[PDB]
Amino acid sequence: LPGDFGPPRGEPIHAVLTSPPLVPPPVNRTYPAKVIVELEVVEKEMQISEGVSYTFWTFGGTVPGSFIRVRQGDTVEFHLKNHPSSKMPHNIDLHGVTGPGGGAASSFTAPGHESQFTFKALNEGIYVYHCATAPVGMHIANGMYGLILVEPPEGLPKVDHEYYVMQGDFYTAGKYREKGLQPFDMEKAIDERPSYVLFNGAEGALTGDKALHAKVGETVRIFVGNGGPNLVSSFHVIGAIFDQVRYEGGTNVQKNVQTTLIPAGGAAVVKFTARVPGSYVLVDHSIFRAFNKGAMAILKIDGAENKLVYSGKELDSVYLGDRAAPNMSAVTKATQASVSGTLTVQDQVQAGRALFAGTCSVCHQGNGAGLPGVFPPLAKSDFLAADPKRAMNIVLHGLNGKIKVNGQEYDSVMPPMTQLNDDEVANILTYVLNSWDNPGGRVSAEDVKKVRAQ
Amino acid sequence: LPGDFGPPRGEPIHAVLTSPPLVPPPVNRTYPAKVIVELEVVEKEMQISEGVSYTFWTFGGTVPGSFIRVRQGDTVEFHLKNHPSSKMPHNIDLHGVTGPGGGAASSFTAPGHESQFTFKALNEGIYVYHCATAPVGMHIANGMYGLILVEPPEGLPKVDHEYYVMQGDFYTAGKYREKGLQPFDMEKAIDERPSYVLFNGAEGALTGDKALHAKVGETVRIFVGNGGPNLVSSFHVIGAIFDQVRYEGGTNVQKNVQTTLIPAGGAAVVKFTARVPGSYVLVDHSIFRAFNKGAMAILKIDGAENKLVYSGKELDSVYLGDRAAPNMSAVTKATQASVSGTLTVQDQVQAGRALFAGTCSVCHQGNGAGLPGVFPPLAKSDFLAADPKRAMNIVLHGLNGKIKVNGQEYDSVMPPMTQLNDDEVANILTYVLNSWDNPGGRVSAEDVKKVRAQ
Amino acid sequence: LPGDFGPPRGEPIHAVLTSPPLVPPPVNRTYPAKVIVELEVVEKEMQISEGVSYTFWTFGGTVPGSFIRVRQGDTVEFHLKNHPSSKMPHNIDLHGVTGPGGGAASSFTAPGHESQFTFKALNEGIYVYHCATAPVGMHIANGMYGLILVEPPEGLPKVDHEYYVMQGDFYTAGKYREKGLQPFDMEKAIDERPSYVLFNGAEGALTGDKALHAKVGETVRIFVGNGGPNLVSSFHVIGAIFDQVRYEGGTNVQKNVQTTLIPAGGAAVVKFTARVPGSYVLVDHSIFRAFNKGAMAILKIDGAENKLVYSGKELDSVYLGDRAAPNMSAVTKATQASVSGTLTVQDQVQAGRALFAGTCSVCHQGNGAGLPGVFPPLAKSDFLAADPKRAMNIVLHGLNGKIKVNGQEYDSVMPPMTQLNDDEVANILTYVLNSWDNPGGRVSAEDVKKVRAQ
Ligand code: HEC
Ligand code: HEC
Ligand code: HEC
Ligand SMILES: [Cu+2]
Ligand SMILES: [Cu+2]
Ligand SMILES: [Cu+2]
Ligand SMILES: [Cu+2]
Ligand SMILES: [Cu+2]
Ligand SMILES: [Cu+2]
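So the protein sequences, as listed, match chains D, S and A. At the far end of the first sequence sits residue 454, using the numbering used here, and the numbering has no gaps. At the far end of the second sequence sits residue 908, using the numbering used here, and the numbering has no gaps. At the far end of the third sequence sits residue 1362, using the numbering used here, and the numbering has no gaps.
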């Protein structure tokens, strides 16, 4: 058999697991060991997007689940616990395990119970693990996946940083960015029609103030999973290249590629060398996932510009949209205040400010000035002030034809923005009305609901 | 040109073709030959799932079609016959053929006719063949695909077993597991929204008593096709690894991977070494295909356990669901009896027993005992007996909130199971009512139809 | 850094860009240069299919955009202009650029404006470029993508021909082949449900009289892009093999494969050696794209047959359908005449002739003779003449059961053809009625609309 390094030696090792996007330290060991892994399933509500809650089923309290790191040749004694608060039974299938179900039939664990099984890690590589409890797709869709690294005996080459990034497709009853506690939607799941496609379990999980970091000159290794359940990632780094891409424990290593296909249930190790500063975007380049469903993550590089290599600027909201900013916490706060019945004008303003970035600013500018004769102003806009209901219709349904704004004719096309939810339209317009010497007041979600229905 | 081994020598060889999942013997030949291939198209109803018929269009009476095995450098005289019973014309495009359409324009064959053409096999590799008759997608969707192996001159390395597995996506007017003769659905096909995703033309074609077999220590080569028409397979082996994966006749060979992407119309040769006993599941790891649409196949390994490698158990219905059992023939029988107007209580009981496995047993247990205070019992259930109509609503629409069953409170969540068809709900509940000291009687498909409509 | 060939030398070079499917000449240079690239965005209506207009957003007036060819180590001074007629702002992200957004944040260009930025081409390879302006998916869906080649310092090996082919998925409000100016459909785009899947921006862009050409014995290199936005191509050549496939600037080169997966946003260089004459079809082998949505392109090889390699015939309409013929200009003309209110019987006849090929001829024959007792005749058909409205119903809804046509019984199945648009049914039936001694007259689109509604 592969991994024939003899019986376990030394002392038993209690594995230290990490939460995304961090990775345990290299094992730094020259002998096979008995490694005890303890992982606890927790079912819990978390925010999948601002003001959007979802009941996740997790390994270790996170999506993806805790990262496990062992050495090829190790004997792993795997303990799965199911927290007493759980409603469902759970189990585990670790890719890389040699044995039926990857552990599944010996890890069935009812709420409040524990199971264990032992396996030898014969297979070096990066591997997905996931729940294997019928209906398996529901469990995976609810977040039950993570990565296990089985190191080669000599260890991986040293790098400056190691990170943990895992894609998933998610299925809510409601549409993208519809607020509230969103149930799992089996119909969308069977159809492979996700409402969100995310890295690390949430919109913005790895953007803004949650970005990954490194410095010019440093090397970064990313362990990249695709939990699925259903999608295949056209995994890509914007503005950079991967030095190496290696799938699972494969012998083949691809070098110097920017775009690489990760199967559902697959995993890869990628390596990046930081060359010039700025934000490097990890995406699924099936582009509507990246830019319409949440599938964007950032590696932000600090250091000196090199004008011989790249003369240009850091990213902003034209490309990154509303994820250029550190966070969109104002949206969470406004949503909470709506639930509580305490939504103020300022709550709406600050939420709308966050959402305006990209969504409106690309054309109207971050200061609402537009560009005279090309994009009309929202700042001190006579046309806006004249008819706030018309403005709700414009956002929902677009606008074309000749108009006059602040004394100048425009004859262009504003696309419809019907995918915005009622609260989003309301908040954005309340922001605009309360900025730039506009007349104030507010637009409510109910106001927008009525226009959308007419 | 490649394959430049000179003119055909020896005697003409009449190729012996095999039906899935078997493969012809290695050619075991050191000279190029003239090989005569005879393949007959047959249109016929077969069961795509238990009690679900479909009009397949086949090469050689099977889906996938008969396997063809030749040597690089051979001259192949290909004869296509179209059975007199056919309604459609058919033809063939063999990947690996050097010439327009892979043979298509010289193989147009009306019902009751024969065509022939000759090609040299310049290209070693495993290759899909398929029908090439407008509308091509309809013909492929109806089952018209198979594999041709063109061996390298020296032959492939010897292995203990060779098998033939081919994925396809299928488009029925009815939903998954809706009984009856199901028409092809062009709308679903254009949308790439299959109702079934299968290996070898049927649910359960390679599970249970139809599993592939080998023994601990043996090597298994699988010729894996993806007929499509539309899907790309995240092809994966649960609980094992592929020693090698080689696509078509490519020079590159990947080694030691578990998950590998097979294009629509693609084919690969994979190699597996049996290490420990049990069931190894071939899936499309776009998971709802594998676990909700039929895309699972089994390689069952017999031999001694090795507790140093894997301490755990063989798979059961928690992972494999209703495909853990040898077969689900009771469902076929009950469906037939419904058609005939002779459906008995026992017919329903036995069908429901088959369907209960996984679908209900994961939580309620195979003996209906549940787990006290966590999953309520179906065995001798006062709550079930009290209101059989309520039980139909529970299966369709789920249940949550505090309930009392057999003297104990439960406060959990049973997900809706609305994807079950009326007959399935009826049969499952009739099974439950006639087991475990429950009160007997029956639930009909019409009963369930009425609840579903209310 | 890679590409460390020193400062730019010689004279600044103004890059000569080419329109698809042509490629600039090899750079044929041994020193790094400063290369000035000028690319202008143009928004314009073009025909996506005959009689189907679409507002494309283009780099250089074409879909895909102009091809850019530079050498690894070059300093590229990139100038993006946005034509004054544009309504939207645009920018660019070039894969292969080392820097945030691949250029995006330094190329924001309002209508009537110009931007520039400079980058060093560190990375050899073939790379997609595309617009990076929110909503990015809308911009890409409207055609804003192309290829840039960064040659290795020594140049690529010489070949006889180089071509430029780029796949895209498109989202119209109307169905496939519905005539008129078709808006972009955001809902279909988010759902990844394209109405068209095309090479080079239009149905038939690379078929018939627009095919790519080479001769027996010649080598052809194709730079193959996948602009997406969303689909992954099962990219395949019918009746041939790729000598080599190399993705982006990857070190790995696959040899001797026929089917290869191109990620959304990916690109590859493929090499083909012409062996025998005829038409070789480039497809996305997710087959309904190729045969139902437009994803077919042709490389036509001229030269001597070699019966030792392939005895058979060139492709015709059985496989290629209505794209076997040089063009379908009659459809464009009939559509225009409908708009103008001048549609004649002959306009309809000639359009219907074009559409009949494949769609009807596969069974009824190009001369309408059918095959006695198997496919009934359309030529001098008593059954057709007897009831033209019945014939509209047959096309839309199919026909089965015993019928008598010209004295002979048929008992077969004609599938429904409901995906045909009203004008298409009308034109096809008007063609049939005005051919083969049929009674003449005409069927209108309004006639068909009424039957479809009943
Ligand atoms: C560029 C693609 C745009 C984006 C994104 C948004 N708007 Fe827009 N808007 C745009 C144009 C070209 C026009 C004029 C259309 C015409 O017929 O010529 C408009 C117009 C408006 C208006 C009315 C005029 C005014 O007061 O300036 C409003 C109120 C407006 N737009 C609001 C708005 C908001 C809130 C947006 C984000 C949700 C938004 N626009 C996006 C172009 C573009
Ligand atoms: C775990 C995910 C479950 C599966 C799968 C099925 N059932 Fe279930 N069921 C489950 C729970 C947690 C509960 C109680 C819900 C609550 O409010 O606390 C139930 C309840 C029932 C009942 C009613 C109570 C009883 O008689 O025990 C019935 C009749 C029932 N379940 C039937 C049933 C059948 C037939 C299933 C397969 C089709 C099935 N259940 C699946 C949990 C789970
Ligand atoms: C093979 C798959 C077919 C294609 C493609 C088309 N038709 Fe057809 N057609 C076919 C059959 C087998 C039959 C007879 C059905 C039966 O019940 O036995 C028919 C019949 C017709 C008819 C009526 C009979 C006649 O006049 O010959 C018409 C008018 C007809 N078909 C027209 C038609 C046209 C216009 C098509 C392209 C749009 C077309 N058919 C395609 C088989 C097939
Ligand atoms: Cu689980
Ligand atoms: Cu798995
Ligand atoms: Cu056929
Ligand atoms: Cu094919
Ligand atoms: Cu643009
Ligand atoms: Cu890109």
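For each residue, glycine too, the CB sits at the ideal point set by N, CA and C.
If you draw a 10 Å sphere on the C-beta of A:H922, you find fewer than 16 other C-beta atoms in it, and that means exposed.
Using a Cβ-Cβ cut-off of 8 Å, D:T98 counts as an interface residue toward chain S, since at least one Cβ of chain S sits closer than that to its own. A Cβ-Cβ distance of about 5 Å is found for the pair A:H998 and A:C1039, placing them in contact under the 8 Å criterion. Per DSSP, the beta-bridge partners of S:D865 are S:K856. A:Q1152 and D:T207 have their C-alpha atoms spaced approximately 39 Å apart. For D:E151, the uninterrupted beta strand (DSSP E) segment begins and ends at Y145 to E151. Note on A:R1350: 16 or more other CB atoms within 10 angstroms of its CB, so buried under the neighbour-count rule.
In this structure, A:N1342 sits away from A:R1085, with a CB-CB distance that is not shorter than 8 Å.
DSSP, reduced to helix, strand and coil, places D:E446 within a helical segment of the structure shown. By a beta-carbon distance limit of 8 Å, A:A1013 does not contact D:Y280. Their separation comes to about 13 Å. Below 8 Å, enough C-beta pairs join the region 1013-1033 of chain A and the region 295-314 of chain D to call them touching: three or more.
Every residue with a CB closer than 5 Å to a heavy atom of ligand 4 is listed here in chain order: D:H90, D:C131, D:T133, D:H139 and D:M144. Just so you know, the alpha carbons of D:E124 and D:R29 end up roughly 15 Å apart. At least 8 Å separates the beta-carbon of A:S1225 from that of A:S1289. Secondary structure note for S:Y773: its alpha helix (DSSP H) is the uninterrupted segment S771 to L774. Leaving aside the five residues that flank D:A426 on each side, the residues in its chain whose CB is nearer than 6 Å to its CB run, in chain order, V443, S444, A445 and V448.
Measuring C-alpha to C-alpha distances from S:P607 to each of S:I882, S:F459 and S:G553 identifies S:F459 as the nearest. For the 8 Å CB-CB criterion, S:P683 and A:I1195 form a contact.
Listed in chain order, the positions of the region 1208-1238 of chain A with a beta carbon within less than 8 Å of a beta carbon of chain S are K1215, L1216, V1217, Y1218, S1219, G1220, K1221, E1222, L1223, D1224, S1225, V1226, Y1227 and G1229. If the five residues before and after D:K87 are omitted, its C-beta is found closer than 7 Å to the C-beta atoms of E43 and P111, all from its own chain and listed in chain order. Secondary structure note for D:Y431: it is in no beta strand (DSSP E), and the uninterrupted alpha helix (DSSP H) holding it is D422 to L433. The beta-carbon distance between A:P928 and A:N1108, rounded to whole angstroms, is 5 Å. This is short enough to meet the 8 Å contact definition. Around A:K1163, the beta-carbon contacts reaching into chain S at under 7 Å are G704 and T705.
Contact annotation: A:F964 and A:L947 have beta-carbon atoms that are not nearer than 8 Å.
Remark: the shortest separation between the CB of S:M640 and any heavy atom of ligand 6 does not fall under 7 Å.
Residue contact check for S:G693 against chain D: a CB pair falls below 8 Å.
Ligand 2 never approaches A:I1209 closely enough for any of its heavy atoms to be under 7 Å from the residue's Cβ. Residues of chain S whose Cβ lies closer than 7 Å to the Cβ of A:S1320 are, in chain order, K541. For D:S115, the number of other beta carbons within 10 angstroms of its own is at least 16, and it is reported as buried. If you check the C-beta of D:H364 against ligand 1, you find a heavy atom less than 7 Å away. When the beta-carbon positions are compared, S:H533 and S:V582 stay at least 8 Å from each other. In the DSSP assignment, D:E77 is bridged to D:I36 and D:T118. Among the residues of the region 388-406 of chain D, none has a Cβ less than 8 Å away from any Cβ of chain A. A:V1191 sits buried, since 16 or more C-beta atoms from the chains shown fall within 10 Å of its C-beta.
Within the same chain, and ignoring the five residues on either side of A:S1141 in sequence, the residues whose Cβ sits closer than 6 Å to its Cβ are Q1075, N1134, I1170 and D1192. Within the model, the alpha-carbon separation for D:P100 versus D:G249 is close to 19 Å.
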